[PDB]
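# Here is my input; please provide its structure:
(9 chains)
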Amino acid sequence: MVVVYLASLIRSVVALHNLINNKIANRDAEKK
Amino acid sequence: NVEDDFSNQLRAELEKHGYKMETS
Amino acid sequence: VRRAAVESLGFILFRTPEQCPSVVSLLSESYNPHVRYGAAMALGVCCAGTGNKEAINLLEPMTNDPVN
Amino acid sequence: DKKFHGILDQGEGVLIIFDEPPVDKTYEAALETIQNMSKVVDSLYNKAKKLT
Amino acid sequence: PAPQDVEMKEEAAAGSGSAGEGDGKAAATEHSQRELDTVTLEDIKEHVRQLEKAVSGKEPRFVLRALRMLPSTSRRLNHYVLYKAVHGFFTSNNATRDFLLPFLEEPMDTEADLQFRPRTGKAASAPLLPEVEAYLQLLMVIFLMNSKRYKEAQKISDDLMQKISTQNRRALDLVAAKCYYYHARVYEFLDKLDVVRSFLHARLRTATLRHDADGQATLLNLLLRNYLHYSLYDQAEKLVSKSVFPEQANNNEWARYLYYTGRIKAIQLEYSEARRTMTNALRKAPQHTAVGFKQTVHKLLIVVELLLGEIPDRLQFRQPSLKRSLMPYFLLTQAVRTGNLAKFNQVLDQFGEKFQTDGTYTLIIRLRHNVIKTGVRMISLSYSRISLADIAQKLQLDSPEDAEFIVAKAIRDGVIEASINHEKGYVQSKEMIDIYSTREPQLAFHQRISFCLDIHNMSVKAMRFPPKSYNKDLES
Amino acid sequence: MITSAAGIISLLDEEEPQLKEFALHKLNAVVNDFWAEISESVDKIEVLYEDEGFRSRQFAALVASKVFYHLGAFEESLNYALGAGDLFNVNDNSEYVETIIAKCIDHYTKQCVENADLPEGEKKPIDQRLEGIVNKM
Amino acid sequence: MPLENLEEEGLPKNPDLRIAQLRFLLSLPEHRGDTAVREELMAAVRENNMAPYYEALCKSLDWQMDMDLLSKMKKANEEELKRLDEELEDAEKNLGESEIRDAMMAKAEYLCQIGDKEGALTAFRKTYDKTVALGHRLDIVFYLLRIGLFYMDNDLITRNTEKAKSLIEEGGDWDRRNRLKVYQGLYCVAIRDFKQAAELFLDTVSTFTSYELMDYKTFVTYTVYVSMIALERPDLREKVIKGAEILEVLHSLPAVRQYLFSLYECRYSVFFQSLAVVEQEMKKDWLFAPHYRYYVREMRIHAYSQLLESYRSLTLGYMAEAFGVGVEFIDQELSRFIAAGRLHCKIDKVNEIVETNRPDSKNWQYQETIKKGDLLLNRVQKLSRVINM
Amino acid sequence: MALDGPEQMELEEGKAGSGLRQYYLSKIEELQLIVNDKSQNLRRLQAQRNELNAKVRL
Amino acid sequence: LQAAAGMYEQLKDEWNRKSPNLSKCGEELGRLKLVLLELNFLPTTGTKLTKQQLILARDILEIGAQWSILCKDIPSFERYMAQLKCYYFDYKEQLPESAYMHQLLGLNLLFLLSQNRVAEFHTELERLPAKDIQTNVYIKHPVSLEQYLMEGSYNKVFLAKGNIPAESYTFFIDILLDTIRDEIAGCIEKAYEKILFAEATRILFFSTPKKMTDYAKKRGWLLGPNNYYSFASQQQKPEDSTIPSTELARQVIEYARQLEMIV
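Numbers count the residues shown, from 1 in each chain, chains lettered A, B, ... in the order given. Right below this line is the structure:
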């Protein structure tokens, strides 16, 4: 659990602050 | 009692002297 | 039987046709390319008067595949 | 030395020797089980501390 | 100074507020949320942002950065949390302490997170509008734990939160569950006897409609401490019966919850159950908000465990850096262990005062017995038949006549497992104990094996759910 | 306020009908301000509805239905509110305890659906109050 | 030789004469020029109090900080710096491997004299990377060990020991293992594992050559006492007492010669008397011996256990005479030991029989399982909540 | 309506009918919870399956 | 309050100032139940104003609960005891303190031990702060009594003290002795092998040796002119033993299948 969680925990901290910026990226990537 | 060793130095000496005179 | 089952779903679900690409995708992943042929069909029927965005993209990698 | 595993009874003047080893294999294994787990959890728990 | 501070304060506010807001808007998705809310969100709002960068009172800018709530009452949380002492109970700000609004600057931009003031403010029956206003509420009142501020949330400064709540979101309740904890604390710290119940009770009713375990659970716990300290014993006793407490609850709310139950049990005369819940509480949260709470846990820890019949070492306690609270406690541990009835009770009677605030004090009386019991236990196991005079000298019993009666009382329970001969003046050990038998070692092994299962299931279930979620949404 | 509930709860229990009548009346207003003590102690209120030595059955029933909702049993609140007769209308008039009422249409929909199938029954497993709220609605 | 510093250091630390010992103790660092580390070092050393430096007073008057300590430090450092510069610069122009190596060994040896622990690792590594004789390489590590022991913190030595272990294997020099063995024993006496310390000390006595030792005579006196702690009577009787090796090692033991005799005779009375004395004369003197409690417990268990193990009966009067300890006292000490039940005996004071159960059965092996089991029980659960959040 | 604002009548006034709407929305709020966890659970099985498929096709 | 004399003022004075008249009491018992409407209005609607009021209201109610022990009306005491629980602490502070608060608490605590509601003794205790002002002379008998009992002492579980008011205190002393002895007797059954006729008083905590013999026919302890109760009692206690196949911590078949399932 701790070996797979190692990656998750790191992704958690980055992801949360990224969440509003991600909307502009996602849209762009999705657009074409 | 945190460590038995300080008390024990006196105990062994004292206990032997009394015990010896009486029984042993 | 796998290929057969997947087609019939798409007919039942076309009274809320949006549900069908989600369920048909899971089944297409399988080892048998047989299921995939049925997957293609399921989508087709469901969307046949008017479709969705999702239905077309699902179909699209299968067109490229070189299994006939 | 434990060459026969007994106790000498000075009150009757008999050598009483204890029962032949009765320890099952599963029971001996149970102490061993704990060593494997202990070594792992201790090592893991120190790094694990950072999470909370 | 003031020019530099304002800039610094807006930039920090905006980043933190925007993220916090973005998670609720997405809607509660439980598995994903559990990791996001626990480690990340709570920690950035509380420790990382407020304390560091410019001053520790970013709050005057915070109001102008984004809308708190539409009336000027929330906008005047520069007069209800800087009003007391010198800029609250935290470092001196360079920012203006003013009535209505501080300054008059409006860096609320056109950006949604950054929210213009008539635009978000209305306390909608829609679940979205209360939900952003509450996110901003969270950061102000989560400071309360850092600050240890009193009566700057007892008055309207989180009584206000009730007005913002109308309909409420299910998604809202998971984060709001953290805000509620802080509402209680401000009154409870000083041990004020003002109306904690009304706000918490109001929050219970919505949370039940929404079907969010975390919010309803968290209120039951806070409530339990408020009452016990207050000496409103009856309310606290009844409350426990609802019982709900989810795993997606925060690490601090769990440790608090375990401690409170532990007190209620211990006086009822469940020494056995009480010991268990309190021990779990120290262990489960190492955390960082726990540090403050842990010292309280250590005070209770030593007294309960000793009454149940087991002894710990003074040595164990001394080693951690919460050492400062364990110090009178070292005298008590030693007293039980040596077998010294007379030293143990006298020390405890005087100490009893401190416990009264908690309501632990009723236990202190019963503690006189336990030292004699612990004492008898070492003697019974050790020997076969040992004379009555020998036990009286070592345990430090009052006389040889006291000694026969007291040893008997321990015996009845059966944990000692002896018989005492009054007219023959020896105690005999009914123990001729051994685990050399047929089935008996498996029984010993069985408890360890049972406990492991609870770990195994909890582990399996939990392990898969976070990586699958990140692939599903943002994988970073 | 921060005043304990304990006094009110003890009054309910007492033999005299004049005491019981006071006890609920006071209990009713404070119910929001303090659920905690009263929620375990809900049992006494329920008995008071049942007695016929007591004059005030509708008020007694009304008080128990609120405490029950507070505990978070949507179901038990219903039984007692229907027991009250009149003073069901007051719960409805409040919006922070309109829940009991809204749930009554909810509980109803289940039962009537079973009766509905062959005609448009409400039949046997519904009573009058439950039937009433739905048609009023 | 640098090992002499330690021997002296135990005396002002323990109570057996505080003040006088301090001057002598202070002189060996005075020459080396120990100043930067010295103030930090005193604090750590304490586990029976009394600082070996002037930065604190505990039990008596402390000796002052000599000026010489500061002056030698500055002079030695300036010299080392001048020498090394020509060599480092020369190294580039010439063969990289040789010139730097010779320069680095010297530079390291002075850093270790200050007692800079960090300066010792950096100096060491460069020499290893480059060509260097296997004997010569291995010698270097001895200094880094001496500073950790000097500091006498358990943490610091554990770090050194890990490095030392990787390194000894590469070089393959046995002469060098002997010096290493002593340092390893010195740390062992210092904690709760005398059991380990005994093995190291015994092997080394038989074949040693006088390099890295504080005094052979003191060292031999000490070695015998430690062997007793580890070794119960059936091993002890053969190895130490009657063995060939003890004559070859040479005699300086007598207080200890009588001590071994008391266990063999089955006359315990004189054992206990000597135990008390051994704590005062050996242990205090020596810097290494903290958690004295362990030493006492084990020694007392050894005496009790050997009599009890052999005999399922003795009568009380006989048992009391042999033990030579007072009746209340024999009972109380045992009471702790019986709980563990590796002995597992009862005492009657009404039947006048002391009984020994003597489990060599499933009971014995199972009791240990339980104790280990408790430690594993807390750890696993703690790990589960931390990760979940 | 809201989960707030007491007002008189319910017989046909219609404030109660709107008030019931706010409770009708509580019912979907009960339902939103089951549904999100069903999507997450399906997803859990899909991750495992996609991983199994990749081996066989390959 | 003070309002409507002859079941307010008169009630107080008959226990305290004047000399008890049971005849007068009996009729005031019915009357007292009516007055509770006004009295318990002061607690559970407390406020700063009511702080003076609460004291006055408490006097009628508590003396009236003390009188219920004296009338020999146990249900009437229980109904009134209950209302009085709210007065122990109420509001921010209402001043629980009364001059007969100390007399009321003495009888309450004793009642709890007699019944063997030991748990209730502890649970109410933590609620009580407002008894520190009262001081422990009347209180000193139940707190001490409990402690000594807990300890196992049989010569400190005195009923000498606790009769210093003694208008209703004697009633609790008589019953406490009887309940506690029985418990002490269970202790002794396991505790001690043989009792002759002359050490029985203390050990049983019984009144007479004559009585020890009486219960020796009732619990079948007797065997000769001395008892042998210990043998049977002592032997039953081991239960640490495990019989082939674990059924102590659930049957083996079901447990063994469960270990598999958790995977």
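
# residues contacting the residue in chain C positioned nearest to chain I?
Relative to chain I, the nearest point of chain C is residue C:26 (26.0 Å; Cβ to the nearest Cβ). Backbone N, C-alpha and C define where each C-beta goes, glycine included. Contacts for residue C:26 (Cβ atoms under 8 Å, 6 or more residues apart in numbering or on different chains) come out as H:46, H:49.

# Please pick out the residue of chain F most distant from its centre.
Distance from the centre of chain F peaks at residue F:118, with 33.3 Å (Cα atoms, centre = their mean).

# still on that earlier bit, look up which helix or strand the residue of chain C closest to chain I falls in, please.
Assigned by DSSP states H and E, residue C:26 falls within helix C:20-28.

# Put the alpha carbons of that helix into CSV.
Output in CSV follows, covering the C-alpha atoms of helix C:20-28 (Å, rounded to 0.1, in the frame of the first residue of the first chain):
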residue,chain,number,x,y,z
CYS,C,20,-24.4,3.0,-24.5
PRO,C,21,-20.8,4.2,-25.2
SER,C,22,-19.8,3.7,-21.6
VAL,C,23,-21.0,0.1,-21.4
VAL,C,24,-19.8,-1.0,-24.9
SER,C,25,-16.3,0.2,-24.3
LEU,C,26,-15.6,-2.2,-21.4
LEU,C,27,-16.6,-5.2,-23.5
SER,C,28,-14.4,-4.1,-26.5
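
# Can you name the element that comes right after that helix?
In N-to-C order, the element after helix C:20-28 by DSSP H and E is helix C:33-46.

# which residues of the stretch 201-350 of chain E fall in helices?
E:213-230, E:233-239, E:251-268, E:271-284, E:290-308, E:314-318, E:323-338, E:341-355 (DSSP state H, counting those that start in this stretch).

# Now the closest residue to residue I:39 other than its chain neighbours, what are its backbone angles?
Leaving aside its chain neighbours, residue I:39 sits nearest to residue I:57 (4.7 Å; criterion: Cβ to Cβ, 6 or more residues apart in numbering or on different chains). In this entry, residue I:57 is assigned phi and psi values of phi -60, psi -40 (degrees, to the nearest 10).

# how deep is residue I:57 tucked in, by neighbour count?
Around residue I:57 sit 25 other residues, with neighbours defined as other Cβ atoms under 10 Å in any protein chain shown.

# roughly how far apart are it and chain B?
Distance of residue I:57 to chain B, given as Cβ to the nearest Cβ, to the nearest Å: 56 Å.

# tell me the contacts of that residue?
Contact analysis of residue I:57 by Cβ under 8 Å, 6+ apart lists I:1, I:38, I:39, I:40, I:41, I:42, I:43.

# Residue G:246 too?
Residue G:246 neighbours (Cβ under 8 Å, 6+ apart): G:224, G:240.

# how much space between the closest residue to residue F:5 other than its chain neighbours and residue F:22?
Residue nearest to residue F:5 in three dimensions, not counting chain neighbours: residue F:37, with 3.8 Å by Cβ to Cβ, 6+ apart. Computed as Cβ to Cβ, to the nearest Å, the residue F:37 to residue F:22 distance reads 18 Å.

# Which strand or helix spans the spatially most central residue of chain A?
Residue closest to the average C-alpha location in chain A (Cα atoms, centre = their mean): residue A:15, at 3.7 Å. Residue A:15 is part of helix A:2-31 when elements are defined by DSSP H and E.

# same thing with residue E:419?
With DSSP H and E as the test, residue E:419 turns up in strand E:418-421.

# quick one: the helix holding residue A:15 near chain G?
Yes. Counting by Cβ under 8 Å from any Cβ of the partner chain, chain G has neighbours in helix A:2-31: A:2, A:5.

# So which other helices or strands are in contact with that helix?
The elements that helix A:2-31 packs onto, with contact taken as 3 or more Cβ pairs under 8 Å, 6 or more residues apart in numbering or on different chains; DSSP states H and E, are helix E:2-26, helix E:30-35, helix E:440-472, helix G:362-388.

# element containing residue E:193, please.
Per DSSP H and E, there is no helix or strand for residue E:193.

# can you give me the strands for the stretch 51-200 of chain I?
In the stretch 51-200 of chain I, no strands are defined using DSSP state E, counting those that start in this stretch.

# Identify the residue of it closest to chain E, quick one.
For the stretch 51-200 of chain I and chain E, the shortest gap (Cβ to the nearest Cβ) falls at residue I:152, measuring 2.6 Å.

# Number of residues surrounding the residue lying closest to that residue once chain neighbours are set aside?
Spatial nearest neighbour of residue I:152, excluding adjacent residues (Cβ to Cβ, 6+ apart): residue E:409 at 2.6 Å. For residue E:409, the neighbour count with other Cβ under 10 Å is 24.

# sorry, back to before: give me the contact status of the strand holding residue E:419 with chain I.
Yes. Residues of strand E:418-421 contacting chain I under Cβ under 8 Å from any Cβ: E:419, E:420, E:421.

# so what does that strand touch, helix or strand wise?
With contacts taken as 3+ Cβ pairs under 8 Å, 6+ apart, strand E:418-421 sits against helix E:400-413, strand E:426-429, helix I:169-191.

# what about the last one, near chain E?
If I follow you right, that is helix I:169-191. Yes. Counting by Cβ under 8 Å from any Cβ, chain E has neighbours in helix I:169-191: I:186, I:187, I:188, I:190, I:191.
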